[PDB]
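The structure file start22.pdb is reproduced below (PDB, C-alpha atoms).
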ATOM      1  CA  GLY L   1    -167.837 -22.492 -33.818  1.00  0.00           C
ATOM      2  CA  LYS L   2    -164.601 -23.978 -32.384  1.00  0.00           C
ATOM      3  CA  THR L   3    -162.629 -24.726 -29.153  1.00  0.00           C
ATOM      4  CA  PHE L   4    -159.402 -22.910 -28.112  1.00  0.00           C
ATOM      5  CA  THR L   5    -156.334 -24.050 -26.085  1.00  0.00           C
ATOM      6  CA  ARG L   6    -155.003 -21.897 -23.174  1.00  0.00           C
ATOM      7  CA  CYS L   7    -152.023 -20.560 -25.240  1.00  0.00           C
ATOM      8  CA  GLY L   8    -154.421 -19.776 -28.159  1.00  0.00           C
ATOM      9  CA  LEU L   9    -156.970 -18.069 -25.831  1.00  0.00           C
ATOM     10  CA  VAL L  10    -154.211 -16.035 -24.028  1.00  0.00           C
ATOM     11  CA  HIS L  11    -153.073 -14.819 -27.508  1.00  0.00           C
ATOM     12  CA  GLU L  12    -156.632 -14.182 -28.865  1.00  0.00           C
ATOM     13  CA  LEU L  13    -157.496 -12.017 -25.799  1.00  0.00           C
ATOM     14  CA  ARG L  14    -154.094 -10.197 -25.923  1.00  0.00           C
ATOM     15  CA  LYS L  15    -154.972  -9.255 -29.575  1.00  0.00           C
ATOM     16  CA  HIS L  16    -158.583  -8.303 -28.525  1.00  0.00           C
ATOM     17  CA  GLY L  17    -157.407  -5.787 -25.811  1.00  0.00           C
ATOM     18  CA  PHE L  18    -157.290  -7.851 -22.556  1.00  0.00           C
ATOM     19  CA  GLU L  19    -154.561  -6.914 -20.005  1.00  0.00           C
ATOM     20  CA  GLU L  20    -151.659  -9.407 -19.504  1.00  0.00           C
ATOM     21  CA  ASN L  21    -151.982  -8.862 -15.686  1.00  0.00           C
ATOM     22  CA  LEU L  22    -155.724  -9.917 -15.845  1.00  0.00           C
ATOM     23  CA  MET L  23    -155.190 -12.743 -18.438  1.00  0.00           C
ATOM     24  CA  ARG L  24    -154.955 -15.451 -15.683  1.00  0.00           C
ATOM     25  CA  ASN L  25    -158.371 -14.381 -14.241  1.00  0.00           C
ATOM     26  CA  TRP L  26    -159.946 -14.141 -17.746  1.00  0.00           C
ATOM     27  CA  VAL L  27    -158.756 -17.580 -19.033  1.00  0.00           C
ATOM     28  CA  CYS L  28    -159.634 -19.289 -15.682  1.00  0.00           C
ATOM     29  CA  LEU L  29    -163.142 -17.678 -15.781  1.00  0.00           C
ATOM     30  CA  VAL L  30    -163.630 -18.679 -19.477  1.00  0.00           C
ATOM     31  CA  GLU L  31    -162.399 -22.267 -18.751  1.00  0.00           C
ATOM     32  CA  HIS L  32    -165.337 -22.660 -16.259  1.00  0.00           C
ATOM     33  CA  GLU L  33    -168.040 -20.719 -18.225  1.00  0.00           C
ATOM     34  CA  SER L  34    -167.576 -22.126 -21.799  1.00  0.00           C
ATOM     35  CA  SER L  35    -164.510 -24.426 -21.294  1.00  0.00           C
ATOM     36  CA  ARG L  36    -162.860 -22.242 -24.051  1.00  0.00           C
ATOM     37  CA  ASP L  37    -165.592 -23.338 -26.582  1.00  0.00           C
ATOM     38  CA  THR L  38    -167.449 -20.740 -28.734  1.00  0.00           C
ATOM     39  CA  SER L  39    -170.201 -23.301 -29.555  1.00  0.00           C
ATOM     40  CA  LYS L  40    -171.243 -23.726 -25.850  1.00  0.00           C
ATOM     41  CA  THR L  41    -174.754 -22.764 -24.529  1.00  0.00           C
ATOM     42  CA  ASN L  42    -176.645 -23.036 -21.216  1.00  0.00           C
ATOM     43  CA  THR L  43    -180.383 -22.457 -20.342  1.00  0.00           C
ATOM     44  CA  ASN L  44    -181.421 -20.479 -17.210  1.00  0.00           C
ATOM     45  CA  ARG L  45    -184.317 -21.018 -14.710  1.00  0.00           C
ATOM     46  CA  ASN L  46    -185.640 -17.569 -15.855  1.00  0.00           C
ATOM     47  CA  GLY L  47    -186.184 -18.999 -19.447  1.00  0.00           C
ATOM     48  CA  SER L  48    -183.245 -17.117 -21.103  1.00  0.00           C
ATOM     49  CA  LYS L  49    -180.116 -18.789 -22.646  1.00  0.00           C
ATOM     50  CA  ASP L  50    -176.354 -18.085 -22.503  1.00  0.00           C
ATOM     51  CA  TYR L  51    -174.093 -18.070 -25.636  1.00  0.00           C
ATOM     52  CA  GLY L  52    -170.428 -17.844 -26.785  1.00  0.00           C
ATOM     53  CA  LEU L  53    -167.093 -17.945 -24.939  1.00  0.00           C
ATOM     54  CA  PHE L  54    -168.239 -15.731 -22.005  1.00  0.00           C
ATOM     55  CA  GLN L  55    -171.740 -17.403 -21.794  1.00  0.00           C
ATOM     56  CA  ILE L  56    -173.511 -14.083 -22.585  1.00  0.00           C
ATOM     57  CA  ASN L  57    -177.302 -13.932 -22.024  1.00  0.00           C
ATOM     58  CA  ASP L  58    -179.982 -13.037 -24.649  1.00  0.00           C
ATOM     59  CA  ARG L  59    -181.998 -10.871 -22.171  1.00  0.00           C
ATOM     60  CA  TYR L  60    -179.081  -8.819 -20.693  1.00  0.00           C
ATOM     61  CA  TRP L  61    -176.282  -8.133 -23.265  1.00  0.00           C
ATOM     62  CA  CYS L  62    -176.751 -10.003 -26.628  1.00  0.00           C
ATOM     63  CA  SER L  63    -179.997 -10.441 -28.712  1.00  0.00           C
ATOM     64  CA  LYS L  64    -181.689 -13.791 -29.676  1.00  0.00           C
ATOM     65  CA  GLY L  65    -183.283 -12.481 -32.951  1.00  0.00           C
ATOM     66  CA  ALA L  66    -182.077 -12.404 -36.610  1.00  0.00           C
ATOM     67  CA  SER L  67    -180.315  -8.993 -36.050  1.00  0.00           C
ATOM     68  CA  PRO L  68    -178.261  -7.345 -33.200  1.00  0.00           C
ATOM     69  CA  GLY L  69    -180.165  -4.876 -30.943  1.00  0.00           C
ATOM     70  CA  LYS L  70    -179.388  -5.176 -27.184  1.00  0.00           C
ATOM     71  CA  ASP L  71    -177.153  -3.520 -24.482  1.00  0.00           C
ATOM     72  CA  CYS L  72    -173.862  -4.586 -26.250  1.00  0.00           C
ATOM     73  CA  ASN L  73    -175.177  -4.226 -29.887  1.00  0.00           C
ATOM     74  CA  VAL L  74    -174.467  -7.911 -30.733  1.00  0.00           C
ATOM     75  CA  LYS L  75    -176.443 -11.081 -31.619  1.00  0.00           C
ATOM     76  CA  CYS L  76    -176.347 -14.407 -29.619  1.00  0.00           C
ATOM     77  CA  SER L  77    -175.677 -16.448 -32.828  1.00  0.00           C
ATOM     78  CA  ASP L  78    -172.696 -14.180 -33.807  1.00  0.00           C
ATOM     79  CA  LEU L  79    -171.076 -15.265 -30.478  1.00  0.00           C
ATOM     80  CA  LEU L  80    -171.007 -18.883 -31.872  1.00  0.00           C
ATOM     81  CA  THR L  81    -168.723 -17.922 -34.867  1.00  0.00           C
ATOM     82  CA  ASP L  82    -165.029 -18.882 -35.299  1.00  0.00           C
ATOM     83  CA  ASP L  83    -163.712 -15.542 -33.852  1.00  0.00           C
ATOM     84  CA  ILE L  84    -164.395 -14.789 -30.149  1.00  0.00           C
ATOM     85  CA  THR L  85    -164.287 -10.951 -30.769  1.00  0.00           C
ATOM     86  CA  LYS L  86    -168.119 -10.564 -30.873  1.00  0.00           C
ATOM     87  CA  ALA L  87    -168.239 -12.023 -27.308  1.00  0.00           C
ATOM     88  CA  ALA L  88    -164.889 -10.529 -26.139  1.00  0.00           C
ATOM     89  CA  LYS L  89    -165.827  -6.871 -26.969  1.00  0.00           C
ATOM     90  CA  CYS L  90    -169.168  -7.399 -25.127  1.00  0.00           C
ATOM     91  CA  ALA L  91    -167.160  -8.868 -22.186  1.00  0.00           C
ATOM     92  CA  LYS L  92    -165.085  -5.597 -22.070  1.00  0.00           C
ATOM     93  CA  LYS L  93    -168.374  -3.557 -22.026  1.00  0.00           C
ATOM     94  CA  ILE L  94    -169.531  -5.695 -19.015  1.00  0.00           C
ATOM     95  CA  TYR L  95    -166.078  -5.334 -17.300  1.00  0.00           C
ATOM     96  CA  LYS L  96    -166.681  -1.507 -17.277  1.00  0.00           C
ATOM     97  CA  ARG L  97    -169.212  -2.174 -14.396  1.00  0.00           C
ATOM     98  CA  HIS L  98    -168.481  -5.804 -13.289  1.00  0.00           C
ATOM     99  CA  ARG L  99    -164.816  -6.778 -14.049  1.00  0.00           C
ATOM    100  CA  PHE L 100    -165.338 -10.487 -13.122  1.00  0.00           C
ATOM    101  CA  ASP L 101    -168.463 -10.522 -10.815  1.00  0.00           C
ATOM    102  CA  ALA L 102    -170.882 -10.881 -13.811  1.00  0.00           C
ATOM    103  CA  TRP L 103    -169.634 -14.539 -14.142  1.00  0.00           C
ATOM    104  CA  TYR L 104    -170.242 -17.233 -11.518  1.00  0.00           C
ATOM    105  CA  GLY L 105    -167.152 -19.425 -12.284  1.00  0.00           C
ATOM    106  CA  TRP L 106    -164.695 -16.686 -11.249  1.00  0.00           C
ATOM    107  CA  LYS L 107    -166.326 -16.277  -7.771  1.00  0.00           C
ATOM    108  CA  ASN L 108    -166.877 -20.110  -7.482  1.00  0.00           C
ATOM    109  CA  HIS L 109    -163.367 -21.509  -8.409  1.00  0.00           C
ATOM    110  CA  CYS L 110    -160.850 -18.750  -9.512  1.00  0.00           C
ATOM    111  CA  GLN L 111    -160.704 -17.551  -5.836  1.00  0.00           C
ATOM    112  CA  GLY L 112    -158.713 -20.748  -4.914  1.00  0.00           C
ATOM    113  CA  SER L 113    -156.199 -21.116  -7.810  1.00  0.00           C
ATOM    114  CA  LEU L 114    -155.311 -19.608 -11.252  1.00  0.00           C
ATOM    115  CA  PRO L 115    -153.400 -21.272 -14.187  1.00  0.00           C
ATOM    116  CA  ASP L 116    -149.945 -20.110 -15.357  1.00  0.00           C
ATOM    117  CA  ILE L 117    -149.559 -18.022 -18.578  1.00  0.00           C
ATOM    118  CA  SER L 118    -145.730 -17.416 -18.503  1.00  0.00           C
ATOM    119  CA  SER L 119    -145.262 -20.055 -21.304  1.00  0.00           C
ATOM    120  CA  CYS L 120    -147.710 -18.177 -23.655  1.00  0.00           C
TER     121      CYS L 120
END

Spell out the structure here as structure tokens.
Amino acid sequence: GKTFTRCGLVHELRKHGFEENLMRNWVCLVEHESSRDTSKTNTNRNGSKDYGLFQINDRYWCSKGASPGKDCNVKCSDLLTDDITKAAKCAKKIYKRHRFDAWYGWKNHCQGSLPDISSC
């Protein structure tokens, strides 16, 4: 697991199939959820835990076990590896029903201001 910079994240998502017109929303969401860190985790009041760059939950999208086998066919520990793609492809499969509303940071802080990406 590693941390990314905004220019690195903008590029990593552009390579992983994220739209340049949505990139501002995506990086500003990710900067509140994981702070651009693949190693980040958070526990919930419901007893489940969140993993990887999009803080994906072991009961809803990824799987906590030794093998993948959940709604996005991906394992919580694979989201902690040095390429975000395991979390990013699952984030696209969520965006098919909830483009940004599946993440609390976007509706808590990205409604006020977004960062610039025109230097990336």

Checklist entry - On this structure, which residues satisfy the PyMOL selection byres ((chain L and resi 44) around 12), written as a count of residues only? => result 15

Next on the checklist: Show me, as a VMD selection string, the residues that have an atom within 8 Å of residue L:82 when counting all atoms listed in the file, minus same-chain residues fewer than 3 positions from it.
Outcome noted: chain L and resid 1 to 2 38

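What separates atom CA of residue L:6 from atom CA of residue L:28 is a distance of 9.2 Å.
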
Checklist entry - Between L:92, L:97, L:65, L:85, which is the closest to residue L:19 once you count only C-alpha atoms? => result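 The shortest atom-to-atom distance to residue L:19 comes from L:92.
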
Next on the checklist: I want to know what sits within 7 Å of residue L:54, based on only C-alpha atoms, with residues of the same chain fewer than 2 positions away left out; could you give that as a list in words?
Outcome noted: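 Once the nearby chain positions are removed, what remains is residues 30, 33, 34, 52, 56, 87 and 91 of chain L.
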
Checklist entry - So, counting all atoms listed in the file, which residue among L:76, L:13, L:102, L:120 is closest to residue L:64? => result L:76

Next on the checklist: Running the PyMOL selection byres ((chain L and resi 25) around 9) on this model by hand, what would come out? Give it as JSON, numbers by chain.
Outcome noted: {"L": [21, 22, 23, 24, 26, 27, 28, 29, 30, 100, 106, 110, 114, 115]}

Checklist entry - For residue L:10, which residue out of L:112, L:36, L:89, L:67 is the nearest one, using all atoms listed in the file? => result L:36

So that all listed atoms of stretch 102-114 of chain L fit with 5 Å spare on each side, what axis-aligned box centre and edge lengths in Å, to one decimal, would you give as JSON?
{"center_x": -163.1, "center_y": -16.2, "center_z": -9.5, "size_x": 25.6, "size_y": 20.6, "size_z": 19.2}

Item to check | Separation of atom CA of residue L:109 from atom CA of residue L:53, in Å and rounded to one decimal | outcome: 17.3 Å

Item to check | Length of the atom CA of residue L:77 to atom CA of residue L:108 vector [Å] | outcome: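 These two atoms are separated by 27.1 Å.
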
Checklist entry - Of the residues L:80, L:94, L:88, L:117, which is the one nearest to residue L:3, using only C-alpha atoms? => result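 Answer, going by the shortest atom-to-atom distance: L:80.
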
N, CA, C and O atoms restored at stretch 63-86 of chain L, emitted as a CSV table (one decimal), keeping the file's coordinate frame:
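Resulting contents of result07.csv:
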chain,number,residue,atom,x,y,z
L,63,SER,N,-178.6,-10.3,-28.2
L,63,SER,CA,-180.0,-10.4,-28.7
L,63,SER,C,-180.2,-11.8,-29.4
L,63,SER,O,-179.4,-12.2,-30.2
L,64,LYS,N,-181.3,-12.5,-29.1
L,64,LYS,CA,-181.7,-13.8,-29.7
L,64,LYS,C,-182.2,-13.8,-31.1
L,64,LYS,O,-182.3,-14.9,-31.7
L,65,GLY,N,-182.6,-12.6,-31.7
L,65,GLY,CA,-183.3,-12.5,-33.0
L,65,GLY,C,-182.4,-12.7,-34.2
L,65,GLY,O,-181.2,-13.1,-34.0
L,66,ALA,N,-182.8,-12.3,-35.4
L,66,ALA,CA,-182.1,-12.4,-36.6
L,66,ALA,C,-181.1,-11.2,-36.8
L,66,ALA,O,-180.2,-11.3,-37.7
L,67,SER,N,-181.1,-10.2,-36.0
L,67,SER,CA,-180.3,-9.0,-36.0
L,67,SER,C,-179.9,-8.6,-34.6
L,67,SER,O,-180.6,-8.8,-33.7
L,68,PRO,N,-178.7,-7.9,-34.5
L,68,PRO,CA,-178.3,-7.3,-33.2
L,68,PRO,C,-179.2,-6.2,-32.8
L,68,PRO,O,-179.8,-5.5,-33.6
L,69,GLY,N,-179.2,-5.9,-31.5
L,69,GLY,CA,-180.2,-4.9,-30.9
L,69,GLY,C,-180.5,-5.0,-29.5
L,69,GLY,O,-181.6,-5.1,-29.0
L,70,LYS,N,-179.4,-5.1,-28.7
L,70,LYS,CA,-179.4,-5.2,-27.2
L,70,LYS,C,-178.2,-4.3,-26.6
L,70,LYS,O,-177.6,-3.6,-27.3
L,71,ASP,N,-178.0,-4.4,-25.3
L,71,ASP,CA,-177.2,-3.5,-24.5
L,71,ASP,C,-175.7,-3.5,-25.0
L,71,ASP,O,-175.0,-2.5,-24.7
L,72,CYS,N,-175.2,-4.5,-25.6
L,72,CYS,CA,-173.9,-4.6,-26.2
L,72,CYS,C,-173.9,-4.6,-27.8
L,72,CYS,O,-172.8,-4.9,-28.4
L,73,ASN,N,-175.0,-4.4,-28.4
L,73,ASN,CA,-175.2,-4.2,-29.9
L,73,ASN,C,-174.6,-5.4,-30.7
L,73,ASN,O,-173.9,-5.3,-31.6
L,74,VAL,N,-175.0,-6.6,-30.3
L,74,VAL,CA,-174.5,-7.9,-30.7
L,74,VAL,C,-175.5,-9.0,-30.6
L,74,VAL,O,-176.4,-9.0,-29.7
L,75,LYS,N,-175.5,-10.0,-31.5
L,75,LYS,CA,-176.4,-11.1,-31.6
L,75,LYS,C,-175.9,-12.4,-31.0
L,75,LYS,O,-174.8,-12.8,-31.3
L,76,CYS,N,-176.7,-13.1,-30.3
L,76,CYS,CA,-176.3,-14.4,-29.6
L,76,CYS,C,-175.7,-15.4,-30.6
L,76,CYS,O,-174.8,-16.1,-30.2
L,77,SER,N,-176.2,-15.5,-31.8
L,77,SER,CA,-175.7,-16.4,-32.8
L,77,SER,C,-174.3,-16.0,-33.4
L,77,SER,O,-173.5,-16.9,-33.8
L,78,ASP,N,-174.0,-14.7,-33.4
L,78,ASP,CA,-172.7,-14.2,-33.8
L,78,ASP,C,-171.6,-14.5,-32.8
L,78,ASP,O,-170.4,-14.6,-33.1
L,79,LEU,N,-172.0,-14.8,-31.5
L,79,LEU,CA,-171.1,-15.3,-30.5
L,79,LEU,C,-170.6,-16.7,-30.7
L,79,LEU,O,-169.7,-17.1,-30.0
L,80,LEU,N,-171.3,-17.5,-31.6
L,80,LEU,CA,-171.0,-18.9,-31.9
L,80,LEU,C,-170.1,-19.0,-33.1
L,80,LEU,O,-169.8,-20.2,-33.5
L,81,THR,N,-169.6,-17.9,-33.7
L,81,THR,CA,-168.7,-17.9,-34.9
L,81,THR,C,-167.3,-18.2,-34.5
L,81,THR,O,-166.9,-18.2,-33.3
L,82,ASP,N,-166.4,-18.4,-35.5
L,82,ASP,CA,-165.0,-18.9,-35.3
L,82,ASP,C,-164.0,-17.8,-34.8
L,82,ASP,O,-162.8,-18.1,-34.8
L,83,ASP,N,-164.5,-16.6,-34.5
L,83,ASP,CA,-163.7,-15.5,-33.9
L,83,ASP,C,-164.5,-15.0,-32.6
L,83,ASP,O,-165.6,-14.6,-32.7
L,84,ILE,N,-163.8,-15.1,-31.5
L,84,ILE,CA,-164.4,-14.8,-30.1
L,84,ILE,C,-164.7,-13.3,-30.0
L,84,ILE,O,-165.4,-12.9,-29.0
L,85,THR,N,-164.2,-12.4,-30.9
L,85,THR,CA,-164.3,-11.0,-30.8
L,85,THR,C,-165.7,-10.4,-30.5
L,85,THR,O,-165.8,-9.4,-29.8
L,86,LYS,N,-166.7,-11.0,-31.1
L,86,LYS,CA,-168.1,-10.6,-30.9
L,86,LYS,C,-168.5,-10.7,-29.4
L,86,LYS,O,-169.2,-9.9,-28.8
